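Here the structure comes first, spelled out in structure tokens, and everything after it is commentary.
Because only heavy atoms are used, hydrogens play no part in the values below, and waters and symmetry mates are left out as well, while side chains stay in. Below, read A as the first sequence line, B as the second, and so on, with proteins coming before strands; counting in each chain starts at 1.
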Amino acid sequence: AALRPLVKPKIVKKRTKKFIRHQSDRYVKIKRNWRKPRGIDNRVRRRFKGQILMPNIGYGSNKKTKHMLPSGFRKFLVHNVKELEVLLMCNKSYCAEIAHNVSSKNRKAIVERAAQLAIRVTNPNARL
Amino acid sequence: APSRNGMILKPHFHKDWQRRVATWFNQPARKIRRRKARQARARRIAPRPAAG
Amino acid sequence: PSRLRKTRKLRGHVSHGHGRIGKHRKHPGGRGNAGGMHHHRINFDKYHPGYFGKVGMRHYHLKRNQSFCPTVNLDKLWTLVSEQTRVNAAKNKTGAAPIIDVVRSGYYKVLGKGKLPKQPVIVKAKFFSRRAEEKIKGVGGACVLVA
Amino acid sequence: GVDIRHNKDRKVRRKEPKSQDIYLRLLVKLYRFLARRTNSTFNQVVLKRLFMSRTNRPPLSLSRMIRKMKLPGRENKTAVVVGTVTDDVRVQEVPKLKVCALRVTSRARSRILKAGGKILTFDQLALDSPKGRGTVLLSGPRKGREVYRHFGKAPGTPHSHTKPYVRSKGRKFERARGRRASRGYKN
Amino acid sequence: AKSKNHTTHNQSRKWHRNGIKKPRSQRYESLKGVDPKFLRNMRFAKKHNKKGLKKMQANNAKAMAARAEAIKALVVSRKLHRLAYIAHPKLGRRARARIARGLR
RNA sequence: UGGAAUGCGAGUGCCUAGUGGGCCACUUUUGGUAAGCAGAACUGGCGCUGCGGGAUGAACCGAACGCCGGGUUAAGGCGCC
RNA sequence: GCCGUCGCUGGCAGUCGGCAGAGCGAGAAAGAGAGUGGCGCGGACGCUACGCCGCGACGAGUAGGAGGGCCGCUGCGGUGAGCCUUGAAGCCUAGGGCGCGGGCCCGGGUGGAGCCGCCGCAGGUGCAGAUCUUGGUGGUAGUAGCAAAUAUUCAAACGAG
Ligand SMILES: [Mg+2]
Ligand SMILES: [Mg+2]
Ligand SMILES: [Mg+2]
Ligand SMILES: [Mg+2]
Ligand SMILES: [Mg+2]
Ligand SMILES: [Mg+2]
Ligand SMILES: [Mg+2]
Ligand SMILES: [Mg+2]
Ligand SMILES: [Mg+2]
Ligand SMILES: [Mg+2]
Ligand SMILES: [Mg+2]
Ligand SMILES: [Mg+2]
Ligand SMILES: [Mg+2]
Ligand SMILES: [Mg+2]
Ligand SMILES: [Mg+2]
Ligand SMILES: [Mg+2]
Ligand SMILES: [Mg+2]
Ligand SMILES: [Mg+2]
Ligand SMILES: [Mg+2]
Ligand SMILES: [Mg+2]
Ligand SMILES: [Mg+2]
Ligand SMILES: [Mg+2]
Ligand SMILES: [Mg+2]
Ligand SMILES: [Mg+2]
Ligand SMILES: [Mg+2]
């Protein structure tokens, strides 16, 4: 019974696993954030078979469904009611996300206003 | 080492030049100090010409 | 600003852009202009011919004021005076020629590059070049020497 | 796999001015449309030069404009230079010109106007000459720069009249060995 | 220690990356290095070219007059051919009208 | 009648890093009994490069690499692994 | 099929609407030319032109060069009538997602007083290594060991022992 987007095409992801950094499973000091390996002998860098995979532009997402949420919208962070009224005329393609640091008192006004304007809110039930 | 065409330069930085760098951050203060002394001198010698 | 420079783009690249084989070492080849007559000879002879050796006489206690002699060509002579000086003399019937005093404009020698407008003029100067004197005379002018 | 080299795929050429000037870009918007929607190659050439850098847009002296606009058959045409029209004191008489330029020096404006001439701006040229008809496109000397004295064969090679890089000029500064037979050699 | 002494391996590969360009050819070559005695006279030949300027104009105009005077006296299958004629936008303009008029 | 075929847009100028230990294969080739030895020519490779085959392997054979679906192949294979 | 790059130095200012008339892809130069005589009041989107759109080819990479980062860190000028004790920073999280990625957003918890977005400016601005510095903690491990110089035993007292 939620607000629906103008269209809801099929979202295709060329990949869903994250790219884990080389050897980030072997040490705690190596975080999983990706880093382009650059060792001379690095077998990940040389693209040996069965090794960790490197990101490259080929994995890029379709321009038509890029950044699109599972609901079919695209999010836009808002901090108050005034910021919410920009989405008045793109309410069938962009939803509202209320910033984490907005007090519970101010959320009710935003969540109420968005209901009047038919703007979708991704986190309407938070800090209640 | 020289690289292709260029000028042959002989910078005079073979001494301890950093020990004797005269900065000029007191320049505005100097200008105020000299101006304050010109006005105080003109008052002292008035009505004689300030220039001298 | 350091945010627009290579150092920000060489982060995470071993060798910081100086190579893995040759590396960045302190002073390979010598400091400054060392090697001119030696392992750096080709550079000096290719781009700095004449660099080595001595030519000509020495002059102790040179005083560059004594040789002060700014020069002006004839193509710029009429700019030393006002515009209304040249037009008034161009259109006058008595034939009176204006005086152009180059020394007043800060020049000592008059040189002959260019051509003069067909107009008499009296030129004062410490020095003149031969072709300058002929060109000033060609338009009915006169050369006057000052000290 | 296809057997081809990729080192020349990307052509190096300006597609817009490096300059962030908003009036230059308004002219570029104007002449982007004209170059696209008219079959005039004059519009294309002007558009290209609005992108060109400062050293690719040399200033045109007043004397040189008069010389090129005095050639037979060029009467009552508009001189067009994508650059600055400087003044030339070495000129005595300025005729009546009609010029279009990006800039005209303060003293060159008075001389051109005092002679009855007209000074356009490139937005006025489009209204006057949408296709560039009746124009005389002019360029300043491109090799008129101190740098081109230093280019070519290295000064220490036979018959190389290149200008060297010397801190000072005089008898003691790169004139002994390699520049006279008396000291080693000459070439 | 000992090392390699000399080779030209990989050298014709480097030479051909930017091509072994032939020297540039201009329709006018420099007179550098030609016989000084012959160059001295060639300069003298050029220096006095203007002496015979009037004579050249007279001959050229005279030659032009004779040249102009002489001129002023002197002056696959038949079906597929036909179809190719009709299908021509200009030549077959009337022929296409004829078939259209008859068609009506 | 732009005067052979074929293919292809070219010319030109500045500034410029790294490199300046190489090594391997067919053919040719010097020294050495020979060497996975030392030294050359040509081309191609490895270095800088993964991928299918050679069980395994810097270089051999095939073939060069954006992320995918279907189809077909190369060199190699089709007792079982 | 999708992503990006390169190329076409490609197309779009024509949204020219009731002061209207819908075209300029089509084998083959140049005008949907101008004139002189013989009922309803209606018609999607677009165009941050640094934008949007189309078509074709292509995509290995050390050393090295370049571009673009709505990648990230700290401070300054502007701006957000910005956020914040109705809870800032920080920190934790088998929570929901976004992006090729650098990373980011939201939910929940803890915390207790500050903080961030955008346009610019600035830099002591990004760590896996350096027998790196300083601090902390492991396994080894309840392990090596508590073995030089002959030696202790009985009863009682104090005492929780
Ligand atoms: Mg390696
Ligand atoms: Mg160098
Ligand atoms: Mg690299
Ligand atoms: Mg190193
Ligand atoms: Mg470098
Ligand atoms: Mg080196
Ligand atoms: Mg070395
Ligand atoms: Mg150095
Ligand atoms: Mg490919
Ligand atoms: Mg490449
Ligand atoms: Mg290139
Ligand atoms: Mg060597
Ligand atoms: Mg060998
Ligand atoms: Mg190496
Ligand atoms: Mg290669
Ligand atoms: Mg290979
Ligand atoms: Mg085998
Ligand atoms: Mg397949
Ligand atoms: Mg690549
Ligand atoms: Mg965890
Ligand atoms: Mg407190
Ligand atoms: Mg700091
Ligand atoms: Mg560390
Ligand atoms: Mg024990
Ligand atoms: Mg003991």
Is it the case that atom [atom1] in [X] sees more than 12 heavy atoms from other parts of the structure closer than 6.0 Å?
X	atom1	result
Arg36(D)	CZ	yes
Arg133(D)	CZ	no
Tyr185(D)	OH	yes
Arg90(D)	CZ	no

Quick one: side chains of residues 14-42 of chain B, donor-acceptor pairs under 3.5 Å with protein atoms, not counting sequence neighbours, listed by atom name and distance.
unit_1   : atom_1 : unit_2   : atom_2 : d
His14(B) : ND1    : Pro11(B) : O      : 3.4
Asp16(B) : OD2    : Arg19(B) : NE     : 3.4

Validation: residues 108-117 of chain D side-chain donor-acceptor distances under 3.5 Å, sequence neighbours left out:
unit_1    : atom_1 : unit_2    : atom_2 : d
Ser110(D) : OG     : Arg107(D) : O      : 3.0
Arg111(D) : NH1    : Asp87(D)  : OD1    : 2.8
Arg111(D) : NH1    : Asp88(D)  : O      : 3.0
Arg111(D) : NH2    : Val91(D)  : O      : 3.1

Rounded distance (nearest 0.5 Å) linking atom CE of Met7(B) with atom NE2 of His150(D): 7.5 Å
Chain B-proximal positions within residues 38-60 of chain D [heavy-atom distance under 4.5 Å]: none
Proximal to chain B - members of residues 163-173 of chain D, heavy-atom separation under 4.5 Å: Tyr165(D), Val166(D), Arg167(D)
